[PDB]
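Asks: Input structure: my_file-v6.txt, which contains compact mmCIF, N, CA, C and O atoms.
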# COMPACT_ATOMS: atom_id res chain seq x y z
N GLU A 1877 -3.14 -17.69 1.54
CA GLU A 1877 -4.14 -18.75 1.49
C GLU A 1877 -5.22 -18.38 0.48
O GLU A 1877 -5.11 -17.41 -0.26
N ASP A 1878 -6.30 -19.18 0.45
CA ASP A 1878 -7.41 -18.88 -0.45
C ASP A 1878 -8.10 -17.58 -0.07
O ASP A 1878 -8.46 -16.78 -0.94
N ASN A 1879 -8.29 -17.34 1.23
CA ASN A 1879 -9.00 -16.15 1.68
C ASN A 1879 -8.08 -14.94 1.74
O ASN A 1879 -8.29 -13.95 1.04
N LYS A 1880 -7.04 -15.01 2.57
CA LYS A 1880 -6.15 -13.88 2.83
C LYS A 1880 -4.76 -14.18 2.30
O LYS A 1880 -4.30 -15.33 2.32
N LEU A 1881 -4.09 -13.14 1.81
CA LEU A 1881 -2.73 -13.24 1.31
C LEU A 1881 -1.75 -12.66 2.33
O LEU A 1881 -2.02 -11.63 2.94
N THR A 1882 -0.61 -13.34 2.50
CA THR A 1882 0.38 -12.88 3.47
C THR A 1882 1.16 -11.68 2.93
O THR A 1882 1.11 -10.58 3.49
N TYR A 1883 1.89 -11.88 1.83
CA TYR A 1883 2.64 -10.80 1.22
C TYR A 1883 2.99 -11.16 -0.22
O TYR A 1883 3.05 -12.33 -0.60
N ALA A 1884 3.22 -10.12 -1.01
CA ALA A 1884 3.58 -10.26 -2.42
C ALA A 1884 4.91 -9.55 -2.65
O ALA A 1884 5.10 -8.43 -2.20
N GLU A 1885 5.81 -10.23 -3.36
CA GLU A 1885 7.12 -9.68 -3.70
C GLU A 1885 7.21 -9.52 -5.21
O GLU A 1885 7.04 -10.49 -5.95
N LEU A 1886 7.48 -8.29 -5.65
CA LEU A 1886 7.79 -8.00 -7.04
C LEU A 1886 9.27 -7.67 -7.18
O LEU A 1886 9.85 -6.94 -6.37
N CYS A 1887 9.89 -8.23 -8.22
CA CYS A 1887 11.30 -8.00 -8.50
C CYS A 1887 11.42 -7.52 -9.93
O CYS A 1887 10.96 -8.20 -10.86
N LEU A 1888 12.05 -6.36 -10.11
CA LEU A 1888 12.22 -5.74 -11.41
C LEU A 1888 13.70 -5.50 -11.65
O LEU A 1888 14.56 -5.92 -10.87
N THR A 1889 14.01 -4.81 -12.76
CA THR A 1889 15.36 -4.36 -13.03
C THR A 1889 15.58 -2.90 -12.67
O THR A 1889 16.72 -2.50 -12.40
N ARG A 1890 14.52 -2.10 -12.65
CA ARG A 1890 14.58 -0.71 -12.21
C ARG A 1890 13.34 -0.41 -11.39
O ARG A 1890 12.26 -0.95 -11.63
N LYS A 1891 13.50 0.47 -10.40
CA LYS A 1891 12.43 0.81 -9.46
C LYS A 1891 11.92 2.21 -9.78
O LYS A 1891 12.38 3.21 -9.24
N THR A 1892 10.94 2.27 -10.69
CA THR A 1892 10.26 3.50 -11.04
C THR A 1892 8.76 3.26 -11.01
O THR A 1892 8.29 2.16 -11.31
N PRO A 1893 7.97 4.28 -10.64
CA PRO A 1893 6.52 4.08 -10.51
C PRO A 1893 5.83 3.64 -11.80
O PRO A 1893 4.89 2.85 -11.73
N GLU A 1894 6.28 4.13 -12.95
CA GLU A 1894 5.66 3.72 -14.21
C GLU A 1894 5.96 2.26 -14.52
O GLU A 1894 5.07 1.50 -14.92
N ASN A 1895 7.22 1.85 -14.34
CA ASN A 1895 7.59 0.47 -14.59
C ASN A 1895 6.88 -0.48 -13.64
O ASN A 1895 6.51 -1.59 -14.04
N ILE A 1896 6.68 -0.08 -12.38
CA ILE A 1896 5.97 -0.93 -11.43
C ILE A 1896 4.55 -1.18 -11.89
O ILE A 1896 4.08 -2.33 -11.89
N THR A 1897 3.84 -0.13 -12.30
CA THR A 1897 2.47 -0.30 -12.79
C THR A 1897 2.43 -1.12 -14.07
O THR A 1897 1.54 -1.97 -14.24
N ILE A 1898 3.37 -0.88 -14.99
CA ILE A 1898 3.39 -1.64 -16.24
C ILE A 1898 3.63 -3.12 -15.97
O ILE A 1898 2.96 -3.99 -16.55
N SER A 1899 4.57 -3.43 -15.08
CA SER A 1899 4.86 -4.81 -14.74
C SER A 1899 3.68 -5.46 -14.02
O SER A 1899 3.37 -6.63 -14.26
N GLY A 1900 3.01 -4.71 -13.14
CA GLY A 1900 1.83 -5.24 -12.49
C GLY A 1900 0.70 -5.54 -13.45
O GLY A 1900 -0.02 -6.53 -13.29
N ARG A 1901 0.52 -4.69 -14.46
CA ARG A 1901 -0.52 -4.94 -15.45
C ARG A 1901 -0.16 -6.12 -16.35
O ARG A 1901 -1.02 -6.96 -16.64
N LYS A 1902 1.10 -6.21 -16.79
CA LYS A 1902 1.48 -7.26 -17.72
C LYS A 1902 1.55 -8.63 -17.04
O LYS A 1902 1.05 -9.62 -17.58
N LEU A 1903 2.17 -8.70 -15.86
CA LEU A 1903 2.33 -9.97 -15.17
C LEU A 1903 1.03 -10.50 -14.59
O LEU A 1903 0.97 -11.68 -14.22
N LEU A 1904 -0.01 -9.67 -14.50
CA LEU A 1904 -1.27 -10.10 -13.94
C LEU A 1904 -2.36 -10.13 -15.00
O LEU A 1904 -3.51 -9.76 -14.74
N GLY A 1905 -2.00 -10.55 -16.21
CA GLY A 1905 -2.95 -10.69 -17.29
C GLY A 1905 -2.95 -12.10 -17.86
O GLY A 1905 -3.67 -12.40 -18.81
N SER A 1906 -2.13 -12.96 -17.27
CA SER A 1906 -2.02 -14.36 -17.66
C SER A 1906 -3.00 -15.20 -16.84
O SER A 1906 -3.88 -14.67 -16.16
N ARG A 1907 -2.86 -16.52 -16.91
CA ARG A 1907 -3.74 -17.43 -16.18
C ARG A 1907 -3.41 -17.37 -14.70
O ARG A 1907 -2.25 -17.53 -14.30
N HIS A 1908 -4.42 -17.14 -13.87
CA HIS A 1908 -4.25 -16.95 -12.44
C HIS A 1908 -5.20 -17.87 -11.67
O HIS A 1908 -6.09 -18.51 -12.24
N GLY A 1909 -4.99 -17.92 -10.36
CA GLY A 1909 -5.73 -18.82 -9.50
C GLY A 1909 -7.09 -18.33 -9.03
O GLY A 1909 -8.11 -18.99 -9.28
N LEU A 1910 -7.12 -17.19 -8.36
CA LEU A 1910 -8.34 -16.72 -7.70
C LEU A 1910 -8.54 -15.24 -8.02
O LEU A 1910 -7.85 -14.67 -8.88
N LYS A 1911 -9.49 -14.61 -7.33
CA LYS A 1911 -9.88 -13.23 -7.58
C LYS A 1911 -9.58 -12.31 -6.40
O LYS A 1911 -10.09 -11.18 -6.37
N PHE A 1912 -8.78 -12.77 -5.44
CA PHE A 1912 -8.39 -11.97 -4.27
C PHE A 1912 -9.61 -11.45 -3.51
O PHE A 1912 -9.69 -10.26 -3.19
N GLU A 1913 -10.56 -12.33 -3.20
CA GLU A 1913 -11.80 -11.94 -2.54
C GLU A 1913 -11.54 -11.79 -1.04
O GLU A 1913 -11.82 -12.68 -0.23
N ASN A 1914 -10.99 -10.64 -0.68
CA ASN A 1914 -10.76 -10.27 0.72
C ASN A 1914 -10.61 -8.76 0.79
O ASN A 1914 -10.77 -8.05 -0.21
N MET A 1915 -10.31 -8.25 1.99
CA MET A 1915 -10.14 -6.82 2.20
C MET A 1915 -9.13 -6.61 3.32
O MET A 1915 -8.99 -7.44 4.22
N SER A 1916 -8.42 -5.49 3.25
CA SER A 1916 -7.44 -5.12 4.26
C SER A 1916 -7.18 -3.62 4.16
O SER A 1916 -7.11 -3.08 3.05
N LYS A 1917 -7.05 -2.97 5.31
CA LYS A 1917 -6.81 -1.54 5.33
C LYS A 1917 -5.46 -1.20 4.71
O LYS A 1917 -4.51 -1.98 4.78
N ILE A 1918 -5.39 -0.03 4.08
CA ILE A 1918 -4.21 0.38 3.33
C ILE A 1918 -3.74 1.72 3.85
O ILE A 1918 -4.51 2.48 4.44
N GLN A 1919 -2.46 2.02 3.63
CA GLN A 1919 -1.87 3.28 4.07
C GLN A 1919 -0.82 3.76 3.07
O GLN A 1919 -0.94 4.85 2.51
N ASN A 1924 3.29 3.98 -1.19
CA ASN A 1924 2.86 2.65 -0.79
C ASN A 1924 2.03 2.02 -1.90
O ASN A 1924 0.98 2.53 -2.28
N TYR A 1925 2.51 0.89 -2.42
CA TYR A 1925 1.91 0.22 -3.56
C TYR A 1925 1.04 -0.94 -3.10
O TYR A 1925 1.30 -1.55 -2.06
N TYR A 1926 0.00 -1.24 -3.88
CA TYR A 1926 -0.90 -2.35 -3.60
C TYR A 1926 -1.35 -2.95 -4.92
O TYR A 1926 -1.34 -2.30 -5.97
N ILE A 1927 -1.74 -4.22 -4.86
CA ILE A 1927 -2.43 -4.88 -5.96
C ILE A 1927 -3.92 -4.69 -5.77
O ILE A 1927 -4.45 -4.89 -4.67
N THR A 1928 -4.60 -4.25 -6.82
CA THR A 1928 -6.01 -3.89 -6.75
C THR A 1928 -6.77 -4.60 -7.86
O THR A 1928 -6.19 -5.21 -8.76
N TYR A 1929 -8.10 -4.51 -7.80
CA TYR A 1929 -8.96 -5.07 -8.83
C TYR A 1929 -10.29 -4.34 -8.82
O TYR A 1929 -10.83 -4.04 -7.75
N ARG A 1930 -10.79 -4.03 -10.01
CA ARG A 1930 -12.10 -3.42 -10.17
C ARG A 1930 -13.09 -4.44 -10.71
O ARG A 1930 -12.73 -5.39 -11.41
N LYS A 1931 -14.36 -4.25 -10.34
CA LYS A 1931 -15.42 -5.14 -10.80
C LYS A 1931 -15.97 -4.64 -12.13
O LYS A 1931 -15.99 -3.44 -12.42
N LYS A 1932 -16.41 -5.59 -12.96
CA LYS A 1932 -16.96 -5.28 -14.27
C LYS A 1932 -17.95 -6.36 -14.65
O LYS A 1932 -17.76 -7.54 -14.32
N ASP A 1933 -18.99 -5.96 -15.38
CA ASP A 1933 -20.18 -6.78 -15.56
C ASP A 1933 -19.85 -8.12 -16.20
O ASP A 1933 -18.94 -8.23 -17.02
N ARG A 1934 -20.60 -9.15 -15.79
CA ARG A 1934 -20.48 -10.51 -16.31
C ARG A 1934 -19.09 -11.09 -16.02
O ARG A 1934 -18.36 -11.52 -16.92
N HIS A 1935 -18.76 -11.09 -14.73
CA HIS A 1935 -17.54 -11.72 -14.22
C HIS A 1935 -16.29 -11.19 -14.92
O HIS A 1935 -15.54 -11.95 -15.55
N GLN A 1936 -16.06 -9.89 -14.81
CA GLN A 1936 -14.88 -9.28 -15.40
C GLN A 1936 -14.09 -8.52 -14.34
O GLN A 1936 -14.67 -7.82 -13.51
N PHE A 1937 -12.77 -8.67 -14.37
CA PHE A 1937 -11.89 -8.01 -13.42
C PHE A 1937 -10.57 -7.70 -14.10
O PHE A 1937 -10.21 -8.31 -15.12
N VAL A 1938 -9.84 -6.75 -13.53
CA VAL A 1938 -8.51 -6.38 -13.99
C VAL A 1938 -7.56 -6.43 -12.80
O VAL A 1938 -7.93 -6.05 -11.68
N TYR A 1939 -6.35 -6.92 -13.03
CA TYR A 1939 -5.35 -7.09 -11.98
C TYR A 1939 -4.14 -6.23 -12.33
O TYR A 1939 -3.42 -6.51 -13.29
N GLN A 1940 -3.92 -5.18 -11.54
CA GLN A 1940 -2.77 -4.31 -11.74
C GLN A 1940 -2.47 -3.57 -10.44
O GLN A 1940 -3.30 -3.52 -9.53
N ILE A 1941 -1.27 -3.01 -10.37
CA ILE A 1941 -0.74 -2.42 -9.14
C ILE A 1941 -0.91 -0.91 -9.19
O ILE A 1941 -0.59 -0.26 -10.20
N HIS A 1942 -1.42 -0.34 -8.10
CA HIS A 1942 -1.57 1.10 -7.96
C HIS A 1942 -1.05 1.55 -6.60
O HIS A 1942 -1.07 0.79 -5.62
N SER A 1943 -0.57 2.79 -6.54
CA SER A 1943 -0.20 3.38 -5.26
C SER A 1943 -1.46 3.76 -4.48
O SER A 1943 -2.52 3.98 -5.06
N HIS A 1944 -1.31 3.83 -3.16
CA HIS A 1944 -2.44 4.19 -2.30
C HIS A 1944 -3.02 5.54 -2.70
O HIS A 1944 -4.24 5.72 -2.76
N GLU A 1945 -2.14 6.51 -2.97
CA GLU A 1945 -2.60 7.81 -3.46
C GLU A 1945 -3.34 7.67 -4.78
O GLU A 1945 -4.40 8.27 -4.98
N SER A 1946 -2.79 6.87 -5.70
CA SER A 1946 -3.47 6.62 -6.97
C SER A 1946 -4.76 5.84 -6.78
O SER A 1946 -5.73 6.08 -7.51
N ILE A 1947 -4.80 4.91 -5.82
CA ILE A 1947 -6.05 4.20 -5.53
C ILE A 1947 -7.12 5.18 -5.10
O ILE A 1947 -8.26 5.14 -5.58
N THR A 1948 -6.78 6.09 -4.18
CA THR A 1948 -7.74 7.09 -3.73
C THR A 1948 -8.16 8.01 -4.88
O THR A 1948 -9.35 8.33 -5.01
N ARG A 1949 -7.21 8.43 -5.71
CA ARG A 1949 -7.54 9.32 -6.82
C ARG A 1949 -8.49 8.65 -7.81
O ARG A 1949 -9.45 9.27 -8.28
N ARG A 1950 -8.24 7.38 -8.15
CA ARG A 1950 -9.10 6.69 -9.10
C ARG A 1950 -10.44 6.32 -8.50
O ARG A 1950 -11.44 6.25 -9.22
N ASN A 1951 -10.50 6.07 -7.19
CA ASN A 1951 -11.80 5.90 -6.54
C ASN A 1951 -12.60 7.19 -6.56
O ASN A 1951 -13.82 7.17 -6.76
N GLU A 1952 -11.93 8.33 -6.36
CA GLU A 1952 -12.60 9.62 -6.44
C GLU A 1952 -13.10 9.89 -7.86
O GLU A 1952 -14.22 10.38 -8.05
N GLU A 1953 -12.27 9.59 -8.86
CA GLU A 1953 -12.65 9.87 -10.24
C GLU A 1953 -13.80 8.99 -10.71
O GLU A 1953 -14.74 9.49 -11.34
N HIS A 1954 -13.75 7.70 -10.41
CA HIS A 1954 -14.80 6.78 -10.84
C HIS A 1954 -16.00 6.85 -9.91
O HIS A 1954 -17.09 7.25 -10.32
N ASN A 1963 -17.66 1.57 -10.06
CA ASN A 1963 -16.91 0.36 -9.76
C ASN A 1963 -15.59 0.69 -9.05
O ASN A 1963 -14.62 1.08 -9.69
N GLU A 1964 -15.59 0.53 -7.73
CA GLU A 1964 -14.42 0.85 -6.92
C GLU A 1964 -13.29 -0.14 -7.18
O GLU A 1964 -13.51 -1.33 -7.44
N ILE A 1965 -12.06 0.36 -7.08
CA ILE A 1965 -10.88 -0.49 -7.15
C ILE A 1965 -10.51 -0.93 -5.74
O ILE A 1965 -9.68 -0.30 -5.07
N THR A 1966 -11.12 -2.01 -5.28
CA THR A 1966 -10.89 -2.49 -3.92
C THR A 1966 -9.48 -3.07 -3.80
O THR A 1966 -9.14 -3.99 -4.55
N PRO A 1967 -8.65 -2.57 -2.89
CA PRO A 1967 -7.28 -3.07 -2.77
C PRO A 1967 -7.18 -4.31 -1.91
O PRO A 1967 -8.00 -4.58 -1.03
N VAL A 1968 -6.12 -5.08 -2.18
CA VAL A 1968 -5.82 -6.30 -1.43
C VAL A 1968 -4.35 -6.26 -1.03
O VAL A 1968 -3.69 -5.22 -1.16
N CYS A 1969 -3.84 -7.38 -0.51
CA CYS A 1969 -2.56 -7.47 0.20
C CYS A 1969 -1.41 -6.67 -0.41
O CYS A 1969 -1.31 -6.54 -1.64
N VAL A 1970 -0.54 -6.16 0.46
CA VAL A 1970 0.50 -5.22 0.04
C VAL A 1970 1.47 -5.88 -0.92
O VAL A 1970 1.62 -7.11 -0.94
N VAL A 1971 2.14 -5.07 -1.74
CA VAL A 1971 3.15 -5.52 -2.68
C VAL A 1971 4.45 -4.81 -2.34
O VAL A 1971 4.49 -3.57 -2.26
N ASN A 1972 5.52 -5.57 -2.14
CA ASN A 1972 6.84 -5.01 -1.88
C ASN A 1972 7.68 -5.10 -3.15
O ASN A 1972 7.87 -6.19 -3.70
N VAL A 1973 8.20 -3.97 -3.60
CA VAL A 1973 8.91 -3.87 -4.87
C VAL A 1973 10.41 -3.78 -4.59
O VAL A 1973 10.85 -2.94 -3.80
Show me this structure written as structure tokens.
Replies:
Amino acid sequence: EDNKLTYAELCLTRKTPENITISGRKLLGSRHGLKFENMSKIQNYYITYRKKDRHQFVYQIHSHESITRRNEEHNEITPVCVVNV
């Protein structure tokens, strides 16, 4: 829905972590509907977005471990609904 997302399905030709992130970055750079303004606990790949000044955001897929690592290194990358690859 507008607020919460049920589930996301990604379909590729090969299942590798680098290809998953590349596909998530490329497929989520076109014209989209909303900004995924919600939250859900995470525990494993997810679609995430970081905030950036003057209404700027990036849409790409990160693993939960990678989400934690990039939150530790860094504007937090708040994760949203799970992605099944």
Asks: Env of region 1952-1963 of chain A: 8 Å cut, atoms = only N, CA, C and O atoms, seq-sep filter 3 positions within chain, self excluded. Answer as a list in words.
Replies: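 Non-adjacent residues within range: residues 1929, 1930, 1931, 1932, 1945, 1946, 1947, 1948, 1949 and 1966 of chain A.
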Asks: If you run DSSP on this backbone, which residues of chain A come out as strand (DSSP E), and could you give them as a PyMOL selection string?
Replies: chain A and resi 1884-1885+1925-1932+1936-1943+1965-1972
Asks: So, with only N, CA, C and O atoms as the atoms that count, which of A:1968, A:1895, A:1888, A:1951 lies closest to residue 1926 (chain A)?
Replies: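 Result for the nearest residue to residue 1926 (chain A): A:1968.
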Asks: Tell me, which residues of region 1888-1918 of chain A carry DSSP helix (DSSP H, G or I), written as a PyMOL selection string?
Replies: chain A and resi 1893-1903
Asks: Quick one: of A:1973, A:1877, A:1941, A:1924, who's nearest to residue 1900 (chain A), counting all atoms listed in the file?
Replies: A:1941
